[PDB]
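Visitor: Before anything else, here's the structure in question.
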Amino acid sequence: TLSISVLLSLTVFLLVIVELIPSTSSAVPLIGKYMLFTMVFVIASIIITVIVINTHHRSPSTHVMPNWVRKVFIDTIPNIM
Amino acid sequence: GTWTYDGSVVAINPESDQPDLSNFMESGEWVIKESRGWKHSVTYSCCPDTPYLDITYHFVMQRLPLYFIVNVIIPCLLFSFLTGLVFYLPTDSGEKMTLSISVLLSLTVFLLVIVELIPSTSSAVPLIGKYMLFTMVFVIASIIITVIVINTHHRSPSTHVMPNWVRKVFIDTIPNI
Amino acid sequence: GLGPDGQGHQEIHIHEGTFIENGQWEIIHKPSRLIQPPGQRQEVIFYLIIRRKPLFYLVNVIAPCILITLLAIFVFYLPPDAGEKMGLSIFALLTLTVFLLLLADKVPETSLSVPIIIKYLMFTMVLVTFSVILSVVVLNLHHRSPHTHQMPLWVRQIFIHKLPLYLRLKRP
Amino acid sequence: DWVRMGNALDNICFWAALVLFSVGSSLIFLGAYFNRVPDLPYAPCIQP
Amino acid sequence: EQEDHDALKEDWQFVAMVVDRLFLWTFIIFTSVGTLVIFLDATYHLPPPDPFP
Amino acid sequence: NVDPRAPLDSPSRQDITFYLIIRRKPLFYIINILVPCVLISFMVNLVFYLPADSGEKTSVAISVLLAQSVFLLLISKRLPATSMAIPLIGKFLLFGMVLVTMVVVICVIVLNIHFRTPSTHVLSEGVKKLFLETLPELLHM
Amino acid sequence: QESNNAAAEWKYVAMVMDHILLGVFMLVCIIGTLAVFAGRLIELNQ
Amino acid sequence: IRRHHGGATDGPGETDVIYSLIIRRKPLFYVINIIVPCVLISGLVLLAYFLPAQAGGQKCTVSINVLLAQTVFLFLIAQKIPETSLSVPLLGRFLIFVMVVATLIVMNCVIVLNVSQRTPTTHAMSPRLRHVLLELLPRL
Amino acid sequence: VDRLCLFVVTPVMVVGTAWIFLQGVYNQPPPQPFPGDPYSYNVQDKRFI
Ligand SMILES: *[C@@H]1O[C@H](CO)[C@@H](O[C@@H]2O[C@H](CO)[C@@H](O[C@@H]3O[C@H](CO[C@H]4O[C@H](CO)[C@@H](O)[C@H](O[C@H]5O[C@H](CO)[C@@H](O)[C@H](O)[C@@H]5O)[C@@H]4O)[C@@H](O)[C@H](O[C@H]4O[C@H](CO)[C@@H](O)[C@H](O)[C@@H]4O[C@@H]4O[C@H](CO)[C@@H](O)[C@H](O)[C@H]4NC(C)=O)[C@@H]3O)[C@H](O)[C@H]2NC(C)=O)[C@H](O)[C@H]1NC(C)=O
Ligand SMILES: *[C@@H]1O[C@H](CO)[C@@H](O[C@@H]2O[C@H](CO)[C@@H](O[C@@H]3O[C@H](CO[C@H]4O[C@H](CO)[C@@H](O)[C@H](O)[C@@H]4O)[C@@H](O)[C@H](O)[C@@H]3O)[C@H](O)[C@H]2NC(C)=O)[C@H](O)[C@H]1NC(C)=O
């Protein structure tokens, strides 16, 4: 809900920004590049959030976790801090 | 009225007491209920010899409200009806806030629609504007009350034992009132 | 003005290979008439009868509303335990309100009559509102419990025995 | 115990945010009072 | 006692499911009728065959 | 241009016509509309990967439908309402909205299946075999 | 069991509040609609 | 009546008549249609702290959707405010303050949910923070 | 069912999007301004008398 509402707000704001940004297609405006960055950033955040949520809801019904995932995330990473 | 000629030099008289409406194209938005033309002859303190004349025509127009009724009142009525409905939705659904806030969002979008239609006059609050503000405040109050009810439902007896007055009111009297 | 043959070709002349064709309107009838007086003056009236080509509104308004209505129907197929019924129904209503914002730029402001598309939009909004109301009723029924309500005998009879046989439902 | 800690954080943050919002909004709107039209030696444009 | 509570809850949930199906059917009927009427009315509105009927 | 059919004394017989064949520079629209519209539309494929127990699968699809509605509002204001053809971006929007609606319907069916119970439905042995042995084997689950 | 019953008491109180508030708000809707419109509706009728 | 000096060549002077219309806006329209709605909407954000930080709670939902509503108002407001860059309107300052506060409330809701949703299988509770939140704060 | 519908719908979405956008991209003005006229009307092709 959080990520999707952020995306919705960003799109509603793009609806206002596209009319202020000049339509001159010789080069991208700096604000346009910043908007593209923000959009791609939100999209990537949503994709990764979906991956994380799918990971969380796995169970032994999904069959055993591969040992390298345990070695990395359960053993290694929490010891690195 | 004649701009530079005065009543001692050029006199104007109305042809008939009403404007000629025989060629009037029927308006799709206003109905002319009545019209008339009055001649006026003011005199100023410099000069009793030179009255100044004008003819003032006027039209009493009443709006045909059907366009605004259909394009504003009905959606606002739907939002107002859905506003109170939230109290029938059980808290266990976990969607009362979703319902209320999404109704508020839809009402805000329709306000964005409404601002295209209603006049931006500041002389006095329009009746439609009063109704819109009423609907918005009604939605906000419903949201506040929903938050209070949700906070009541999830209250834990470990920290907040129910006081006897709340019990004797709500459990006993209210369903037997 | 007469036609090139001298016949009473009382029509708007259109150069068929030179006329700049309008993209939204199709010219169907184009007659002319001399109007006799009832200070009397005559008038020559030229009539353009033109049909709107609707493809723009079919694509951009009607089909989205059909899709939204189809989604508002499936609201009732979503199980109450999913907890997304209000989200779906109200977001459908919000999308309909956005398409109403779209159409409000297009409709005439004259109040002599209501456009059929406006009637269709209002009917669709009414449908979504009733879908919301009935979903709230269903959710109210779903969360009832002996801690809160006792089911009366008539509800038990009708809904557990009579209606399932009509709906081809069977309790396991 | 974690739930209780969360509730305590909610309770303190409510008052903090309420005070912050009330003060900020009041100070923002307060400018409307001070920036009315100034008094001037000129006569009012429309006589009483 | 918990089993009896669960039985009553299941009874209420079955009532809710039956009501949901009835609403689905009635809403399908109303939607189909209204949309069909509207589209038929819009489709029969042909241009006139005569500029001066 | 000299029109051979027009009378020599007619005003339409001759003209000089200058033509401009002009191609739109697409980069502005590609950056500002097309890439957002495509990316947001493709977001709907994640709904199938989103677990049902999250209770957010319909939210994503319906919000993407709302975003596509917003884009349709934006784009439709930029073009004349001609009936000669549907603009390419309009075709893409229509196709995307159709697919998003289909995915919403599919998600509703999936959620209806997920919350089924032996108090309300009977899971046949053939259905069990099909959806727990054959299909997951074919799909490399 | 004791804790669940004590929580269900609060749930029942919240439900009773919900019923009262539903009745009040559904009345207030039409009350406000009539209060705003009826005066001018009578004026235009008469 | 203004009289202006000529150029440095001591050219002929010039005369202007200047009338100064000092006019004052009637604020009623914007108070009803913008200011009061935005104020109440921003007040709604503070209600999030009373939503339980528990399953079925909608704290982030409320806060983010109120922020979206404020963005819709920003669209609405931006149609009225002139495009000059000499200063920031009072309404604009209030809007930006409201949006910043709303983002802070979103952050606080996220923090409170992150605190409440913890479990002994994932987090070891710090005894200092435990004592502060459960004992020192009630004693304060 | 989720994975089945993913594998069905996702390639349909991708193929339809590609089919639309490639049909758009390869739209080009004809190399001669009038179809059926071989002359370019370009400044380089001065058609001397
Ligand atoms: C941008 O827009 C502009 C306009 O806004 C476009 O310009 C048009 O370009 C097209 C394509 O070339 C032009 O169409 C051709 O025009 C010529 C000129 O015809 C005129 O002059 C002739 C003598 O000068 C005269 O005979 C012609 O009369 C003919 O046409 C009229 C009009 O309908 C009829 O009423 C008459 O009965 C008669 O047919 C006219 O005054 C034509 O010669 C040419 O005709 C050929 O092509 C047609 C189909 O394209 C066929 O139906 C014809 O039979 C004929 O066939 C062609 O004959 C050639 C000679 O042997 C042969 O080489 C060729 O292969 C063969 N083609 C075929 C398909 O069989 C045709 O009508 C149009 O007039 C232009 N309009 C203008 C200039 O205003 C421009 O193209 C656009 N640019 C783009 C899109 O990039
Ligand atoms: C498009 O709009 C046009 C006007 O905006 C329509 O034209 C109208 O068409 C109708 C149908 O024919 C006419 O009605 C007829 O009128 C004649 C003439 O009336 C005059 O003469 C009689 C005496 O003979 C007199 O009583 C009248 O007052 C008039 O002076 C009548 O003889 C017929 O019985 C009938 O009433 C309208 O008159 C005509 N109006 C105009 C301004 O031309 C046209 O039909 C419309 N087209 C479509 C397709 O709807």
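Positions of Cβ are generated from backbone atoms using ideal geometry, with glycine treated the same way; all protein chains shown enter the neighbour counts. Coordinate-derived values only; no laboratory data.
Visitor: With springs only between Cα atoms under 10 Å, which of B:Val109, B:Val161, B:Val149 fluctuates most in a Gaussian network model of chain B?
Guide: Comparing B:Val109, B:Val161, B:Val149 in the GNM, the peak value goes to B:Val161.
Visitor: Please report, largest first and rounded to whole Å, the three semi-axes of the ellipsoid equivalent to chain B, where each semi-axis is the square root of five times an eigenvalue of the C-alpha gyration tensor.
Guide: The answer is 64, 20, 14 Å, longest axis first.
Visitor: How big is the convex hull of the Cα atoms of region B:40-87, per residue, in Å³?
Guide: On the way: hull volume 6.2 nm³, N = 48.
For region B:40-87, the hull spanned by Cα atoms encloses 130 Å³ per residue.
Visitor: How shielded is B:137-143 by partner chains, expressed as the average number of their Cβ atoms within 10 Å of its Cβ atoms?
Guide: Per residue, the average neighbour count from other chains is 4.
Visitor: If you don't mind, there's one more thing I want to ask. Tell me the Kirkwood radius of the protein assembly as shown: reciprocal of the mean inverse pair distance over distinct alpha-carbon atoms, in Å.
Guide: It is 33.8 Å.
Visitor: Still on this structure: Taking the number of other C-beta atoms within 10 Å as the exposure measure, put B:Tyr88, C:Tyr166 in order starting with the fewest.
Guide: The order, fewest Cβ neighbours first, is C:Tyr166, B:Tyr88.
Visitor: In degrees from 0 to 90, rounded to the nearest 10, what is the angle of the helix A:30-56 Cα long axis to the longest principal axis of chain A?
Guide: Between helix and principal axis, roughly 20 degrees.
Visitor: Lone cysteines in the protein assembly as shown, defined as no other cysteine's Cβ under 4.7 Å from theirs: which are they?
Guide: B:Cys76, C:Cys65, D:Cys13, D:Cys45, F:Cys37, F:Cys107, G:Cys29, H:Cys38, H:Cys60, H:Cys109, I:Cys5
Visitor: Once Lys and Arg get +1 and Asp and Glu get -1 on their Cβ, which of C:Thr110, F:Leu79, B:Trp3 lies farthest toward the positive end of the dipole of the protein assembly as shown?
Guide: Result: F:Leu79, furthest along the dipole toward the positive end.
Visitor: Using only Cα atoms, find the angle between the long axis of helix F:88-114 and the longest principal axis of chain F, and express it within 0 to 90 degrees, rounded to the nearest 10.
Guide: Around 10 degrees separate the two axes.
Visitor: Over region C:79-158, what is the mean sequence separation of C-alpha contacts under 8 Å (at least six apart), divided by residue count, expressed as relative contact order in percent?
Guide: Computed value for region C:79-158: 50 percent relative contact order.
Visitor: Starting from one equal scatterer on each C-alpha and no solvent at all, send me the Debye-based log10 I(q)/I(0) for chain E at q = 0.13, 0.16 Å⁻¹, two decimals.
Guide: Here log10 of I(q) over I(0) equals -0.59, -0.69.
Visitor: How well do other chains shield peptide H:26-38, expressed as the mean number of their Cβ atoms within 10 Å of each residue Cβ? Before the final figure, lay out the partial values.
Guide: Working: counts 4, 2, 5, 9, 2, 3, 7, 12, 2, 2, 3, 8, 1.
The per-residue average across the peptide is 5.
Visitor: Let me ask you something else. Tell me the mean residue ellipticity at 222 nm calculated for the protein assembly as shown from its helices only (DSSP H runs of n ≥ 4, each -39500 (n - 2.57), averaged over every residue, nearest 500).
Guide: -17000 deg cm²/dmol
Visitor: Where the centroid of each part is defined by its Cα atoms, how far is chain E from region H:1-19 in Å?
Guide: Their Cα centres are 81 Å away from one another.
Visitor: Quick one: what are the phi-derived ³J(HN,Hα) couplings along region C:12-19, Karplus 6.51/-1.76/1.60 with θ = phi - 60°, whole Hz, x for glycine and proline?
Guide: Going residue by residue, I get 5, 7, 10, 6, 5, x, 9, 4 Hz, with x marking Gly and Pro.
Visitor: Another question, if that's okay. What size of dipole, in debye to the nearest 20, comes out for the protein assembly as shown about its Cα centre when the only charges are +1 on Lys and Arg C-beta atoms and -1 on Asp and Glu C-beta atoms?
Guide: Magnitude of the dipole: close to 1840 debye.
Visitor: In degrees, nearest 10, range 0 to 90: what is the angle between the Cα axis of helix A:2-20 and the longest Cα principal axis of chain A?
Guide: 20 degrees
Visitor: Here's something else I'd like to know. Taking the Cα centre of each part, how many Å lie between region B:21-77 and region F:30-102?
Guide: 50 Å
Visitor: Also, I was wondering about something else. How big is the dipole moment of region F:34-141 about its Cα centre under a simple scheme where the beta carbon of each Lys and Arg is +1, that of each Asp and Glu is -1, and everything else is neutral? Debye, nearest 20, please.
Guide: Rounded to the nearest 20 debye, it is 440 debye.
Visitor: Report the equivalent ellipsoid semi-axes for chain H in whole Å, largest first, defined as the square roots of five times the eigenvalues of the gyration tensor built from alpha carbon atoms.
Guide: 56, 19, 13
Visitor: List the residues of region C:134-157 whose backbone N lies under 11 Å from a point placed 7 Å from the Cα of C:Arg171 along the Cα-to-Cβ direction.
Guide: Of the residues in region C:134-157, C:156-157 have backbone N under 11 Å from the label point off C:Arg171.
Visitor: Can you bin every Cα-Cα distance in chain A into 5 Å intervals starting at zero and give me the percent of pairs per bin, rounded to whole numbers?
Guide: Values per bin, smallest distances first: 3, 11, 14, 15, 12, 11, 10, 8, 7, 6, 3, 0.
Visitor: Could you give the size of the charge dipole of chain B about its Cα centre, using +1 on the Cβ of each K and R and -1 on the Cβ of each D and E, expressed in debye and rounded to the nearest 20?
Guide: The calculated dipole for chain B is roughly 1220 debye.
Visitor: How many Cβ atoms of partner chains, on average, are near each residue of B:40-50 if near means within 10 Å of its Cβ?
Guide: That average works out to 0.
Visitor: Against the 2.2 N^0.38 Å scaling, with N counting residues, where does region C:108-167 land? I'd like the Cα-based Rg ratio to two decimal places.
Guide: Cα-based Rg divided by the globular estimate yields 1.88.
Visitor: Once Rh is set to the Kirkwood radius over Cα pairs, what Stokes-Einstein translational diffusion coefficient, in µm²/s, holds for region B:107-157 at a temperature of 20 °C and a viscosity of 1.002 mPa s?
Guide: D, rounded to a whole number, is 162 µm²/s.
Visitor: Gap in Å between the Cα centre of chain D and the Cα centre of region H:80-99?
Guide: A separation of 16 Å, based on Cα centres.
Visitor: Related question: Could you put H:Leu51, B:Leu117 in order, starting from the residue whose Cβ has the fewest other Cβ atoms within 10 Å? Don't skip to the end; give the middle numbers.
Guide: Details: H:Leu51 24, B:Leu117 13.
Ordered by Cβ neighbours within 10 Å, fewest first: B:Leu117, H:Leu51.
Visitor: With the dipole of chain B worked out from charges on the C-beta (+1 for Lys and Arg, -1 for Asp and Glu) around the Cα centre, which of B:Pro157, B:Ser16, B:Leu77 lies farthest toward the positive end?
Guide: Value computed over the given set: B:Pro157.
Visitor: Please order F:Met141, B:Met162 by the number of other Cβ within 10 Å, starting at the fewest.
Guide: Result, fewest neighbours first: F:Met141, B:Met162.
Visitor: Okay, next question. In µm²/s, what is D for chain C at 20 °C and 1.002 mPa s, where D = kT/(6 pi eta Rh) by Stokes-Einstein and Rh is the Kirkwood radius from Cα pairs?
Guide: My calculation gives 96 µm²/s for D.
Visitor: I've got another one for you. May I ask you to list, by number, the DSSP H helices of chain H whose Cα span along the axis is at least 15 Å and whose average Kyte-Doolittle hydropathy reaches -1.0 or more?
Guide: On the way: long enough: H:59-80 (32 Å, 1.27); H:90-116 (38 Å, 2.30).
Helix filter hits for chain H: H:59-80, H:90-116.
Visitor: Taking chain F as a Gaussian network, where each spring joins two C-alpha atoms under 10 Å apart, which residue of F:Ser41, F:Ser63, F:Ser124 fluctuates the most?
Guide: F:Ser124
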